[PDB]
Every structure is written in C-alpha cells, then in structure tokens.
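Q: For reference, the structure I am asking about is given below.
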Amino acid sequence: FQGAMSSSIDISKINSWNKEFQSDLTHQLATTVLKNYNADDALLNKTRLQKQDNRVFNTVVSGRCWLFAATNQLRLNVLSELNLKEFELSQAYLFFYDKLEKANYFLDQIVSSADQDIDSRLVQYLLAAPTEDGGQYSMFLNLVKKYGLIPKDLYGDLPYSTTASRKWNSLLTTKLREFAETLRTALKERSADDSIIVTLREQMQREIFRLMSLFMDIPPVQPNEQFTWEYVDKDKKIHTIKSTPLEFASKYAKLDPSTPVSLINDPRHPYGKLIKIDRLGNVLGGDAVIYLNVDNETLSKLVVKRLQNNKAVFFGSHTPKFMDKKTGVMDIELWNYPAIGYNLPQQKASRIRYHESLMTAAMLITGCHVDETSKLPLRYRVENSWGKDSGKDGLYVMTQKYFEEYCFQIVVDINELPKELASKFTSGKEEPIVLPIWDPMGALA
Amino acid sequence: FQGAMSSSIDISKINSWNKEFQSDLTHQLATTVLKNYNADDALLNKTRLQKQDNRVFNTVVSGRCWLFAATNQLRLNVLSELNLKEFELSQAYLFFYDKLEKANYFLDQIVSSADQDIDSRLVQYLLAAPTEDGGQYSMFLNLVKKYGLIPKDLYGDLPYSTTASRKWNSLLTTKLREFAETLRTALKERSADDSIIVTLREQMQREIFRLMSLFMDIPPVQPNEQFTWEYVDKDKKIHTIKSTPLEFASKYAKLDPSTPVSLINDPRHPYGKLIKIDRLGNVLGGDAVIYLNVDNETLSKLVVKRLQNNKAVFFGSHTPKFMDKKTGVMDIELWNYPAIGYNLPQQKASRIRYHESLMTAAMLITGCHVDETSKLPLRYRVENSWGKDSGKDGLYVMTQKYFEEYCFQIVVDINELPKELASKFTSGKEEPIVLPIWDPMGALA
Amino acid sequence: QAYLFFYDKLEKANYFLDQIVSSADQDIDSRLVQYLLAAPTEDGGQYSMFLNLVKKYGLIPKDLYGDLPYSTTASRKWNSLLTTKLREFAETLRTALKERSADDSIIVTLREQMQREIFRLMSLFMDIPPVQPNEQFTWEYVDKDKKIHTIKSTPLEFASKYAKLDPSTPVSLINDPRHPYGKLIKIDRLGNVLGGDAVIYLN
C-alpha cells in the first residue's frame, strides 16, 4: 500500500510543485510562450543559427530518399560518360520491382514462420507493414543485380501511386494479410513443398502482380532485353543508344556491385564486428543487410576520404531529429531547450536501445569542411530528394556532432577501407552479431 | 567633456552589460523567443485570458467608428418606433457633409491665422491633416442639427471612397494646401472682408464641392426637403414614410440635441472643471468640443446608470492599446510583459502629457457586470463598427482597470447627472480650461 | 475536454514509470518493454480510462478551462518531448533497479523526482486546472432565457449533481469473434491511473 500510494499522482504534490515553479521567472515566461507556439518554433535559436548556417565547404565533389541517394552517383556517371547537360535514372523502375519482390518475400517469410503462433512477435511484425517504400543499400544492389537500370525518359513518375503510394500499399497489404492466413491454414494440413502449397503460392504471386499492374505498368523492357533511347547531348546533337537495363547499369552507369560496403556506428555493439539484420530484405535469396561496426573517428575519416575521391556518400540518419527544414540546418543545439531546463543526457547506445533513436532515412553527403589545420571535419553538406523547396535551395548543412550522434551508416567502396577493415568483409572468418528483423538499424526511407 | 563622454554609448559598457544579461536564464529564454515572434504574440497570457474572457454581464441594454457609435442609439429608436426587424441610418450621409464642412472650416482657420508665420506651430498643424475622417460627439451634433438623418436605404456606402477614403483625402488636402497659400498671399495685400477675399473663398468652396462630388454624390434630398421611404416591417407589411431629414432625426430617431453632454477623466486637470479644445470643429460657428472633467468613480457610476436606463454609452479610448483583436479582450495585464522585466510605471496624466496616450477612437459600452455585492463594475461589454469578424463575433470585453486607465470620455444625457454636475453646464458661471487644437483629448476615429 | 486531457496525460506518464518498474526483470529488448517504450503518452483512451479520471478529478464547465493552449489542438510535439524524457527515465529506473529493490528509498526518491519533472514539463504546455477536485469553483452563466446565475460547486460534485454521472452503471460489450461469446475479456496492463479499473468487455 505505501508503495502504491507513493507511486500515485498526489493532487497536493502537483499543486505544491506548481506553486514553486510559478515562483520562478523563467518558468513563468516559458509557460506563457509555450502555450502559444510549437516549442521548436519558439525555441529555435537565431544566435546559434547565425553561426552554424555556414555554407562554405573546402572538400566537395565536383522520390524515395533511398532510391535517390543510391542512384545519384550512377546518374552522374552517365551524365559524364555521355556528355549530357541533364539526366535522370528511373527511380520508378526500381520502386516497381522493389514492391513486387517485397510482397513476394513476405509470402516466403510467412511460410518459413508458419510453425509460430499467429500472435507471436515475428508473425505479427511480418503482418504490420509488408510493402512499405523504404529500403537499404543492399536491397538496392539486390534489385540492380537482377533488373539493371534505365533512363527515367523510358519509365517516369507518371502514375498517381508513384508519388502517393499510401492507398496502393494499403490495398496490397490487406490482400497480403488475407494470403498469410490462407497459407498458414493450408500449411497445417500439408508440407510446404506439397504441390498444393506450391500452386497456392504461384496464384498469390499472380494476384499480387495483377494488383500492382493496375497502379503502375510493368517496365517496358525486360532486364536482358534491349531498349532504344534517343537523347540530346549538352551540345544539342542527337544520339541513340541501344542497350539492355543490365548492360546500361554497368557500361554506362559504371556500377560494380562488388565494391560497396556499409559501415555503421552502433555503439550498442563492439567495434570491429559485422552486424547483420535477420530476415530484412526484398529479393528472396538476395544479400543480407550487413554493416561493419566502427567508431566515429573512423566513420568520419572515411567520409572525408570518399569525398576526396570525388564521390558523394550515402548515409543513414534519424530524420528529422534536430533538423530544421526551413533553414536546412542539422544541429543538435539549434533549439534552446536548455533555456527551459530541458536537457537530454541519454547516450547514443541507450537512445537506440530505449526506442528513442533509429535510422529513418537515406541522404547524401556531397561535401564537408575540414579544419584548416592538420585536422578534422567540422560540418557536412547534405542533399536529399525533397527538392530545392526544402532546406536552403535544397541544401542542408550538418554539424560534426550531429553526424556523430544522429547518423549511423555510411556506404563506401571496399577499396577505400584500411586493409584490416576490408579483411572483415573478404576473409570469411568474421561471425556477425545477428539482430532481429525489427532492429532500429534497419530500413531507410 | 566628461559629461558628453558619460552620455555616449560606450562599447565596452554595452558588451559588459550583454554578458551580464546573457548569464540570466530568463533573459536567455526571452531573447531566443523574441527574435522569433512579435512580442504581443509571444507574451499573450492564456492563463490570464482564461479568467478575463468572461462574457456574462448582469447589466445590459435590451464605417467610421465615431459615426457608428454616435448613430447606433438613433438607429435603435427607429427600429423600435417603426417596428422593424432590421434598420440602418446612413453613415455616408454624415460622412459626406462632415468632410465638406471640415474643408470649409479649414479655409476659415487659415484666414483667422493669416497673421502668423507659415512655419508657426498652429499654421503647420492646420496644414497637416485638414480633411481626416475622425470626429467627436459635438461634431456629430453639429452635423445632425444642420443636416438631419436619413435611412441608409436612401444613401448607402456604394462609392469606393466611402470605404477607402485615403486617396480622396490626399487629393482634397493637396488642393487645400494650395488654397491656403492663395488665401495667405491675398491677405497680405488686403483685409479679409475685402470683396476680393470673399470672392476667392467662394470659388474655393466651389472647387472643394466639385472635387467632392466626383467621389461621392451630394445626398438626394436637402435637410428640409421631403424624401419618400418605402420599407417592410418585421411582419412583412409594407409602409411608406414621407419626411425630411431634419424631421426624421427628431420624429423617428428621437434625437434631442440639447440633452447630450460629455464627461472625461483627464487627470492632468482639476476635476469639476470644464475643458474646451480650442478650434477643434467641423461646421463653422458650430458648438465646441467641451468636456466636464470628473474622477473615475463618477465616470464609472454614470456608465452603469446610463446602462440601467437601457441606453448604450458612447466612449472615447486609446485604441488599440492593450486590446487583443483576435479574442476581443481589452485588459492591461493580458500580456506577460513583467515576465521579460518590462514594466510601465508612468501614470495616466503623465502618459497624456508625455505623448504616450491619447483618445483615438469611439466605441459603445452596451453592458457591464456589477459585483453581486452592493458594489462596482468589474467589466464592460463593448461593441464597435469593425464587424462580427473582429473580436468575439464582434464583441469585446473590457476590464474596469482598462476603463480607468486607457478610456477617457463618455457621453450621457444631462438629466442623468447629479445636480451639481449638471449645473456646470447650465449655469453660465463655469470658465473652461482651454486646451490647444492639437491636444490628445481630441478627435476620435 | 482539456481538463480530462491534462490529467489523462499526467497519469499515463506516471503509469508508464510504474510499468517500467514492474517489468524491470525483463530484458530491454523484450516484447513488453519495447512496447511500453513505443508510445507512452499518446492521446487515446477507453471508457474505463475515462471513468478512472472522472472518479478522481470530476468534471468542470469548458468556460473555466478551455482549449486555449497550442498543444491542446496540436499535441504531437509536446508528446514527443515528454516521451523522449520518459525513455531517459526508463533507463535511469532500470539501471537503479539492478543494484536495488524497488521499495528501496533511493528508488522511491527517484520516482518522485521523475513525477516532478513530468509535471514541470507538462505545466509548460498547459496549466494545471484552476481548482482541485474537491475545491469549489464559482461558475457564472446565462440560461436560455438570458437570466444570469452563479453555481458554486467542486469538480467532483459537478460531475454527479449536475452532469448526473453514476460511475457504477456503465459497462462495455464487444463483438470479438476471436473469442467465445458470454465471456469477459480483459486487456492486460492497459490503463491510465495507477490502480484504476481495467479495460474489460463482455463478449
């Protein structure tokens, strides 16, 4: 009894506390202002903004954020290779196959977890959001290795659902939840390899494809089928390229799928270890989401090194934590929360464990400023798919502390790594730390 | 030298003070918020608003603010007398003649001050804004005594300039400034009664009228000329009234111009004295702006008494000081300026002398709440011409302290006064305190 | 409605601290602890959570406590700020519970400091209501005929004498075909006021 009483909200206590707080001048001002405006709007610190909103970067390179971020370098490679003024790869092309493959992958996840109760943690998680739009770099390579890439000119963002996919996803998900029950019900009486189950699964793939084809057309050419693409170079001369999507991704966009690797700063785990997310994927049998865990000093140096190689860096962060979209500044001290006594001592590893921080989006680091001493990076230039309308004409500036605290993953080429880190990936000796499918270091918008 | 140095802004001093202020938590919060939002928006105190925004009034009555306020009672009288559902008097009618008479009055003010230098304080003041839209209750009676009143149905707010008079006023004023020079130049060689001056003045009246007639039509009937007005009573029956504007103001609108008197709380001066504003007027030879100075206890009692007689009270205040248009609350403590250490100890008389407070507008008190004890008024219900769009569906609530501090004038009927106050007006023994034409207790919008 | 909304949030934040202490024996990544950490101060409720509040706090006219504050109509930011703090507090509690018993004076003190910080933060976004549940308020109003009246009552008396709520009469029925009809169904742990009634339905 005494404990439950002490654990209860006591009306005398809260009214006594209220009297004490009302006697403090800062509190009086704070409650007046914060009953009038959104706290971020009220506390944005223009004195701090004035100093941090610095767009000089001494180290720079010459729509589903994850697809824009993963494809931008390849878009630039073509632009370069064909001497074009402007050029875009088709993000819709990858989006269509990503959804189809994920829906298909879900059927396989349901069959492989059919031994678990319907209310088990994994089966419920699988049923929660099987066809969402997010991905990861390995999920992007899985798609490009099977489907290749094509110019946006041949398959654009025309359909309603390419820019407002919520309804389409909900309709496909409702059907997938129906199918999971049909599969699980059929698996009680049979083995998965039973011809009846195999037939059921094919009919489901067919229904998924039929439904998807109502909202988007299947791309115009198969991966090994040639397309013809007519274009104008920066000088106004016309050309015609005949290529297949797979040849295009290699010959013109110069993607070598064997070079990219992901590094992450996940302080919940030992540095130097590989970390693998169980079950997270899109294409059945494709590669896993795997990261090499490293400290922030290492992560920061690799970003600078990649930038010096003249290549942008795909990174995963907790958007929009401490991100001001109007000014395009990512700074954890941009808002004066300490002035209302609101401080956050929880450290990175614990923020992750305690459901406070996770990866939510992919963006690109396209530049940075290394201190004009023999030194370190102070801030990064960041670009994303939102448009010149967001940020400062589309550009964001991120502080080194933001990168250390609210960013996690970067993608670099294996050749840019020190031999002892590169060997973590090449010498099949490493045993990864395997995390659940629902881990916060997962899919990115 | 030492004095001039001490009187200068010293850079070390201000930067030292800045360091001290930045060490205070309240100041840190305040400068963060106030660089983001308008101070009134940031400091509006919703805790105070919650208590003061009380629309229960136990003492209630059953477009140029000054014309709306002066004419509303008369509008109600007709509504009553003719059993109408709705009815409006023509404010445009009075507005047209007010402007014409003021322009004419200005010519007379210029002739009477022709002995003073062009850069004298009075001549420059006369030239500053001779045809503005504001008035006073005595300026309203001056017009009704000469022109009468008519239904808005016969002369409405149709012309552009009735609702956006700035351009028209500027064009008329530019011409009046030209005319002042022509008159003053002619008066150097002649007496004012010289036939040449008399002729000049008539030509100016003619040009003023011509110009005014371009922006508004002269009313359709003369003051002693009959108009015919067809209308529908609240029961849908039709009637026709034949009356002249002067008869209409008396027979139907029941205005007895000999009953209204103005009282004012102007603590710069002794209470019990009449106060007269020199030269302020509209119709040449019309009555002066005269007030009887009284303390706030007396002023407050008279408002309550008039309300009990079921009549609204025309009053003059410093709009929009401490007035929140969105919630329609007039309360001098509604904004938490003390929370940023902003306090105003200057008292009423000094606010007036020091150019801080003055009468700027006329509105109507239509109700009040007298404390349910044998007591005093706590708040007033206020209405004005801005529309149901302003305030709370058009209604404002004003605190007793606001009335005491930022209101000044009320208009009551002489019969509502105590005999010793009424005698101030009736026994030609009182010598008024005469104030300059530019006094702050003047014209009202 | 704001009156109930304020106390609902305060009580739920408090309830969350108790849920964390009672599940401290489970791993941080367990299904329940992660669920508790997902959205501890959201705006939703249930009829039993409403009776729990009215039985403790009563009801008052909106005239005395309206929807004036920003957060009463756009609560997302306020909830996010309170939740970030609650996730910090869950770790502080769980870390302290490894070395101590829950009834340890150090834990009791920690919990009270957390209640205080939760209340402080809430008071920045909404004022605590103007009167306590058993404290009288004065309410002036106008009836449909334009006559004025003044009622003197407390929030608890108001909910009974004027709003006529008898908290012992309401019951919830549900059609949940996952389960046999005629059975009571209870949702484990779902609540707002610590020790208040459970969410129970008759199928």
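Residue numbers (the entry's author numbering), protein chains in the order written: chain A, -3 to 58, 71 to 453; chain A', -3 to 58, 71 to 453; chain A'', 99 to 301. A prime marks a further copy of an entry chain.
By construction, the Cβ of each residue, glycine as well, lies at the ideal position given by its N, Cα and C atoms.
1. Rounded to a whole number of angstroms, what is the C-alpha to C-alpha distance between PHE433/A and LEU263/A?
2. Counting only beta-carbon atoms, is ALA369/A nearer than 8 Å to chain A'?
3. Measuring alpha carbon to alpha carbon, tell me which residue in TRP74/A, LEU97/A and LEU75/A is nearest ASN85/A.
4. Given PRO275/A', which residues of its chain have a CB within under 7 Å of its CB, disregarding the five upstream and five downstream residues?
5. Give me the chain C residues within the contact set of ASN11/A, using Cβ-Cβ distance strictly less than 9 Å, ordered along the chain.
6. Within the continuous beta strand (DSSP E) that includes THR193/A', where are the two ends?
7. From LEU271/A' to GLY450/A', what distance separates their C-alpha atoms?
8. Identify every residue that forms a DSSP beta bridge with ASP332/A'.
9. Step through the CB atoms of chain A and report whether any lies within less than 8 Å of the CB of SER121/A''.
10. Please say whether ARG218/A'' and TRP13/A have beta carbons closer to each other than 8 Å?
11. Under 8 Å between beta-carbons, which chain A' residues line up against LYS42/A? List them in chain order, please.
12. What are the partner residues of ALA369/A, as DSSP defines its beta bridges?
13. Alpha carbon to alpha carbon, how far is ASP201/A'' from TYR279/A''?
14. Considering Cα atoms alone, identify which of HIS23/A', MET1/A', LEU92/A' and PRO440/A' is closest to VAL240/A'.
15. Does the Cβ of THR267/A'' have 16 or more other Cβ atoms within 10 Å, making it buried, or fewer, making it exposed?
16. Report yes or no: is there a C-beta of chain A' within less than 8 Å of the C-beta of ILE246/A''?
17. Between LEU352/A' and chain A, is any beta-carbon pair separated by less than 8 Å?
18. Output, in sequence order along the chain, the residues in the region 162 to 181 of chain A'' whose CB is closer than 8 Å to any CB in chain A'.
19. For the alpha helix (DSSP H) that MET220/A'' lies in, which residues bound it at each end?
20. Using only the alpha-carbon positions, how far apart do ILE10/A and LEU292/A'' sit?
21. Given that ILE348/A touches chain A', what residues does it touch there, using C-beta distances under 7 Å?
22. Could you tell me which of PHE416/A, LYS160/A, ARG83/A and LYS153/A sits nearest to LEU300/A, measuring between CA atoms?
23. What separation, rounded to the nearest whole angstrom, lies between the Cα atoms of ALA369/A and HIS247/A''?
24. May I ask you to list the residues that DSSP assigns as paired with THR248/A'?
25. Could you work out which residue in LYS153/A'', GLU233/A'', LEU195/A'' and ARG174/A'' is closest to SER121/A'' when comparing CA atoms only?
26. Consider the Cβ of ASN344/A: report whether some Cβ of chain A' lies at a distance smaller than 8 Å.
27. Grab the span of the beta strand (DSSP E) containing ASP421/A' for me, first residue to last.
28. Would you tell me roughly how many angstroms separate the C-alpha atoms of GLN213/A' and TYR362/A', rounded to the nearest one?
29. Decide if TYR168/A is buried, meaning its Cβ has at least 16 other Cβ atoms within 10 Å, or exposed.
30. Quick one: measure Cβ to Cβ for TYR155/A'' and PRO265/A'', integer angstroms, because I've assumed they're closer than 8 Å.
31. What does DSSP give as the partner residue(s) for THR55/A' in the beta ladder?
32. By DSSP, does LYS153/A sit in helix, in strand, or in coil?
33. Excluding sequence positions up to five away, which residues of its chain have a Cβ less than 8 Å from the Cβ of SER199/A''?
34. Under three-state DSSP, which class holds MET1/A'?
35. So who's on the other strand from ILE283/A, going by DSSP bridges?
36. Which residues of chain A' have a Cβ atom closer than 7 Å to the Cβ of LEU21/A, listed in chain order?
A: Let's see:
1. 19 Å
2. no
3. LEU97/A
4. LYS356 and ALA357
5. The structure shown contains no chain C; its protein chains are A, A' and A''.
6. Per DSSP, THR193/A' belongs to no beta strand (DSSP E); it is in the alpha helix (DSSP H), 174 to 197.
7. 13 Å
8. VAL337/A'
9. no
10. yes
11. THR28, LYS31 and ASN32
12. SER325/A
13. 42 Å
14. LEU92/A'
15. exposed
16. yes
17. no
18. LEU162, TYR163, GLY164, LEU166 and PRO167
19. 203 to 223
20. 16 Å
21. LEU25
22. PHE416/A
23. 59 Å
24. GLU238/A'
25. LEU195/A''
26. yes
27. 415 to 421
28. 38 Å
29. exposed
30. Incorrect: roughly 12 Å between the Cβ atoms, too far for contact.
31. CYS376/A'
32. helix
33. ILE205
34. helix
35. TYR299/A and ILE441/A
36. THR22 and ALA347
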